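Report on the structure given below.
Proteins come first, then strands; the chains are lettered A, B, ... in the order of their sequence lines, and each starts at number 1. No hydrogens, no waters, no symmetry mates; every other heavy atom, side chains included, goes into these values.
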Amino acid sequence: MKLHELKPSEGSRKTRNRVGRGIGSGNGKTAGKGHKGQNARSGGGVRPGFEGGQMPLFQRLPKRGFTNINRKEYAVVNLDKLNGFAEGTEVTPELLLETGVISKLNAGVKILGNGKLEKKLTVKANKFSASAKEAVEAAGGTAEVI
Amino acid sequence: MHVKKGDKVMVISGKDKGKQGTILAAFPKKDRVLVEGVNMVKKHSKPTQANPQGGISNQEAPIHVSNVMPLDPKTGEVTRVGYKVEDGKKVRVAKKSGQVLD
Amino acid sequence: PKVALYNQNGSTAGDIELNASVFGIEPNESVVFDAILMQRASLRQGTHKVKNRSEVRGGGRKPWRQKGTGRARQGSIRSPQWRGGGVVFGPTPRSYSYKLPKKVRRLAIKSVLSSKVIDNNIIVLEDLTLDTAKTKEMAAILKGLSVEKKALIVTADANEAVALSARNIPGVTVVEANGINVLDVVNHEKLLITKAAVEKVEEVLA
RNA sequence: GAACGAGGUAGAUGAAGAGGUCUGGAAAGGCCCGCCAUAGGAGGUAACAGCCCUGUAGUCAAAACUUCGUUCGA
RNA sequence: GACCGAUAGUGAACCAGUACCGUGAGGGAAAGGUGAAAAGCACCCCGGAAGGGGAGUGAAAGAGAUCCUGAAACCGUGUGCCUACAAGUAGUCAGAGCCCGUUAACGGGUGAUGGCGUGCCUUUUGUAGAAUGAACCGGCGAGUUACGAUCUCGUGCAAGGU
RNA sequence: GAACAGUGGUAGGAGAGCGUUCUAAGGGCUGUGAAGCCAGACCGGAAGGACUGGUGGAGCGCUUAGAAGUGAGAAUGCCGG
Ligand SMILES: [K+]
Ligand SMILES: [K+]
Ligand SMILES: [K+]
Ligand SMILES: [K+]
Ligand SMILES: [K+]
Ligand SMILES: [K+]
Ligand SMILES: [K+]
Ligand SMILES: [Mg+2]
Ligand SMILES: [Mg+2]
Ligand SMILES: [Mg+2]
Ligand SMILES: [Mg+2]
Ligand SMILES: [Mg+2]
Ligand SMILES: [Mg+2]
Ligand SMILES: [Mg+2]
Ligand SMILES: [Mg+2]
Ligand SMILES: [Mg+2]
Ligand SMILES: [Mg+2]
Ligand SMILES: [Mg+2]
Ligand SMILES: [Mg+2]
Ligand SMILES: [Mg+2]
Ligand SMILES: [Mg+2]
Ligand SMILES: [Mg+2]
Ligand SMILES: [Mg+2]
Ligand SMILES: [Mg+2]
Ligand SMILES: [Mg+2]
Ligand SMILES: [Mg+2]
Ligand SMILES: [Mg+2]
Ligand SMILES: [Mg+2]
Ligand SMILES: [Mg+2]
Ligand SMILES: [Mg+2]
Ligand SMILES: [Mg+2]
Ligand SMILES: [Mg+2]
Ligand SMILES: [Mg+2]
Ligand SMILES: [Mg+2]
Ligand SMILES: [Mg+2]
């Protein structure tokens, strides 16, 4: 480019709307807020979820359940992702994490049975779905728990 | 200032461009000098106790010091100014030749 | 791409092959726009403030009673409609900096370098080396290379003599290979770069 | 307690055009030519100055007081 | 310094926390610009002076201190067209007559007379409104910014992105 | 470009633009007279834009992009006249 002929990508930048700058714009005078009432006032409007005094929806409904302190979330890997490795590879959490197949380990790798595994692999993971274990063993490979 | 009272200078800028004269007085605080025959003005003075005639009087008015340059001793042309020390005493030198001004 | 290699004196010492992944891409013009805008925004100091009605001196008391005087009701002599009053929503100190994704940054610098090769405004030098840090010599070198207008000189490492010699020439900027950047490239007609610097730029960008 | 080193609190030195010519009250401007540049920061100067002035880069400088650094019992 | 430029920017560009106000705590202004240089108008004339008219200075004095520019309201002097039988939100469209002559255009000024025609704003079901606001002129005076959220659009990369 | 159809509008939604100050990059203008101010019978669909003359006496446009203290006739608005 040249600094004297700069041009933004078409549709990347719009002009901001400036209210209360005359009648021609279509937002003169009342600046698009209509006439009077709480919504037209500076700082105005009721708080989110407020229904003008009708009991709000959240308060009408019951709280449900609890949160487990000891909740475990596994990094799930479906069979389709294991298909990307080389044949006879020892697939591990550390390799999965290093290759970028998983972003975060959390409580461990769990292998799940979505998709198809052609390649023979020694998969070492914390958990397997019953499907996934079967599918790994059916492809010739091994499903070691670690 | 790069010039002082008694220096022969050339006026390099103004109506009096290219006119040489002697500095009759220096005004360090204003960066102006009074050069003989240069920048004459007609002062309309009333009668006073000192001069009871009054009258219109041709006198020099001062010019900005940066409109005059000292002359080179050798060539007699305008020169910029440097400083060397002779006999443990600083002197101005014509940068054009090397000759001392004062 | 294939480009003429030159000496300081301006004689051609054959050609050099620049990496296509750096100097031979299709320039992404939208990416270069974004990088220029971002870089100019980074330069802004943003040191600007006004006093709102709380910050103007005085103005605590109600100027006159609410009712009965016949005047408009007023709350403070520094309310914004008063001469000498506070400003409503003027400037406040702030940053204008933002980051593009690192891959967009890569693309942008490749785009402008690859655009210099298209426009035949890259000059690869065998080496650039001044005996004395003398501006007159740098000016002569740029004459010899037919560098009329502005030029960005890129050396591999810090070259004190080249830096010093070009420092005072208007519209010539010296930079290390690390210090190359979109705005400096786009804002100088010619890019004078040493072979050692080209290699160093390729190392990073490829 | 000393010695040495680098700083601070004054300063010094410091390149290159009144180039010609036009207009003008005045030239830093126009036009045509040079030159310096580790200096084309800045301010000033009779209109807009790297080369007119104060300066700038760079290089130096302290009797005195002061800052910091360096050295001199399992 | 993609900060202000004298109603701004500090309250304060100026002898300002002054003047002024208040018993006091306290509140709290207005007010920048001759010229490159005072060369700041010798002298003459009217006038008690102020202030002028010349003459000088200056590039310029219609830059003469209330001194760069010098808008508007408002106040005047002159006069081209009209006006003392007329009922007027003051214009507009039609239109002679008279006076002019331009960014040269199926021009400009004025306007006997004819038709039509209850300001602007706000707020209202509805306002010429006998509802509200504005004496006039000028300046100043109101959806901003930060950080989060979300959607659209754009771009980069893409089962990855950062 | 053709045909066909359409184009009253408050709240309000959507779009396209005008102008203001500042910045960057081109490019320019200006003591042979910048901005500002005054006048005019010019130009554009509007916001608006020129040209000529006068005053003024030193600064200012244009193009593209960016950023906003970006547009006033009303607030018994504030200050001045
Ligand atoms: K709305
Ligand atoms: K001078
Ligand atoms: K004030
Ligand atoms: K009528
Ligand atoms: K009433
Ligand atoms: K003018
Ligand atoms: K008002
Ligand atoms: Mg809208
Ligand atoms: Mg509407
Ligand atoms: Mg309105
Ligand atoms: Mg309302
Ligand atoms: Mg209502
Ligand atoms: Mg409402
Ligand atoms: Mg010198
Ligand atoms: Mg307060
Ligand atoms: Mg009452
Ligand atoms: Mg203020
Ligand atoms: Mg010196
Ligand atoms: Mg002038
Ligand atoms: Mg003013
Ligand atoms: Mg003030
Ligand atoms: Mg008292
Ligand atoms: Mg005048
Ligand atoms: Mg002036
Ligand atoms: Mg005046
Ligand atoms: Mg009758
Ligand atoms: Mg009659
Ligand atoms: Mg009637
Ligand atoms: Mg009613
Ligand atoms: Mg009411
Ligand atoms: Mg009223
Ligand atoms: Mg219709
Ligand atoms: Mg301006
Ligand atoms: Mg505003
Ligand atoms: Mg008003």
State whether C/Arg44 places a side-chain N or O below 4.0 Å from either non-bridging phosphate oxygen (OP1 or OP2) of F/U23.
no
5' priority, RNA chain D, between B/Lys95 and B/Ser66 [closest heavy atom]:
B/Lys95
Heavy atoms only, 4.0 Å cut-off, all strands: where does C/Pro93 land among base, sugar-phosphate and nothing?
nothing
Classify the side chain of A/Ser103 versus the base of E/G160 as yes if they form a donor-acceptor pair under 3.5 Å and no if they do not.
yes
Which listed nucleotide (D/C52, E/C157, F/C78) is nearest to the side chain of B/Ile12?
D/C52
Rounding to the closest angstrom, what is the interatomic distance between E/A8 and E/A37 at atom P?
31 Å
Taking the P atom in each of D/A10 and D/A27, what is the distance between them to the nearest angstrom?
39 Å
When we call it a touch if two heavy atoms are under 4.0 Å apart, what does B/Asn67 touch: a base, just sugar-phosphate, or nothing?
sugar-phosphate
Judged by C1'-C2'-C3'-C4' (positive north, negative south), is the sugar of E/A38 north or south?
south
Which value, in whole Å, describes the distance between the P atoms of nucleotides E/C67 and E/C75?
24 Å
Anti versus syn assignment for F/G8, with syn defined as within 90° of 0
anti
If pairing means Watson-Crick or G-U wobble with both distances under 3.5 Å, then the partner of D/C72 is D/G1
C/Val104 near the nucleic acid: base, sugar-phosphate alone, or nothing, with a heavy-atom cut-off under 4.0 Å?
sugar-phosphate
Is there a donor and acceptor pair closer than 3.5 Å between the side chain of C/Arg106 and the base of E/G156?
no
Between E/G48 and F/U55, how far apart are the two P atoms, rounded to whole Å?
40 Å
A student applying the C1'-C2'-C3'-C4' rule, positive for north and negative for south, should call the sugar of E/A16 south
Applying a 4.0 Å non-hydrogen cut-off, can you work out what B/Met10 is touching in the nucleic acid: base, sugar-phosphate, or nothing?
base
Watson-Crick or G-U wobble between E/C140 and F/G77, both distances under 3.5 Å?
yes
Give me the distance, rounded to whole Å, that separates E/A72 from F/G49 when you measure between the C1' atoms they each carry.
24 Å
The Watson-Crick or G-U wobble partner of D/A12, with both key distances under 3.5 Å, is D/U59
Would B/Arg92 and B/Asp7 pass as an ion pair if we require N to O under 4.0 Å?
yes
Looking at every strand, decide which applies to C/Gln74 at a 4.0 Å heavy-atom threshold: base, sugar-phosphate, or nothing.
sugar-phosphate
Taking the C1' atom in each of E/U34 and E/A16, what is the distance between them to the nearest angstrom?
27 Å
Considering only heavy atoms and no angle criterion, is a donor-acceptor pair shorter than 3.5 Å present between the side chain of A/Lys33 and the base of F/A11?
no
Does F/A68 have its sugar in the north or the south range once you look at the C1'-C2'-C3'-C4' torsion?
south
Classify the side-chain pair B/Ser97/B/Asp72 by whether it contains a donor and acceptor separated by less than 3.5 Å.
yes
Taking the six-membered ring of B/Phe27, is the NZ or CZ of B/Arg32 close enough (under 6.0 Å from the centre) and on axis enough (within 45°)?
no
If anything within 90° of 0 is syn and all else is anti, what is E/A90?
syn
Is the distance from OP1 or OP2 of E/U123 to the nearest side-chain N or O of A/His35 less than 4.0 Å?
yes
Salt bridge between C/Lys190 and C/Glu148, side-chain N to carboxylate O under 4.0 Å?
no
Hey, does the side chain of C/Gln8 reach the backbone of C/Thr129 with a donor-acceptor pair shorter than 3.5 angstrom?
yes
Atom-to-atom span, CG of C/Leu107 to P of E/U162 - whole angstrom:
12 Å
With E/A13 and E/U102, is there a Watson-Crick or G-U wobble pair, both distances less than 3.5 Å?
no
Classification of the D/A27 sugar, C1'-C2'-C3'-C4' positive north, negative south
south
Listed nucleotide nearest any side-chain atom of A/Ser12, set F/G77, E/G154, D/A27
E/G154
Expressed in whole Å, how much space separates the P atoms belonging to F/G31 and D/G24?
12 Å
Under 3.5 Å donor-acceptor pair, C/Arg57 side-chain atoms to E/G27 base atoms:
no
Looking at the side chain of B/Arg80, which of E/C3, D/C52, F/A65 is the nearest nucleotide?
D/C52
Once you apply the 3.5 Å cut-off to both distances, tell me the Watson-Crick or G-U wobble partner of D/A47, or none.
none
Hunt down the Watson-Crick or G-U wobble partner of F/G80, both distances under 3.5 Å, from any strand shown, or write none.
E/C137
What is the distance, rounded to the nearest whole Å, between atom CD of B/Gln59 and atom P of E/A42?
15 Å
Could you check whether atom NZ of B/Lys8 has more than 12 heavy atoms from other residues, nucleotides or ligands sitting under 6.0 Å from it?
yes
Candidates E/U144, E/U155, E/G1 - which lies nearest the side chain of A/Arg16:
E/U144
With rounding to the closest Å, how many angstrom separate the P atoms on E/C100 and E/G80?
9 Å
Compare the minimum distances between each of D/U45, E/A146, E/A39 and the side chain of B/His64, then state the nucleotide with the smallest one.
D/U45
Pairwise 5' ranking along RNA chain D for C/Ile169 and B/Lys90, keeping only the more 5' one:
B/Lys90
At less than 3.5 Å, do the side-chain atoms of C/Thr47 and the base atoms of E/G1 form a donor-acceptor pair?
yes
Heavy-atom count around C/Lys143 NZ within 6.0 Å, excluding the residue itself: above 12?
no
So, for C/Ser114 and C/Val22, which heavy atoms are closest and what is the spacing to 0.1 Å?
CB-O, 3.8 Å
Categorise the sugar of E/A104 by the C1'-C2'-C3'-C4' dihedral sign as either north or south.
south
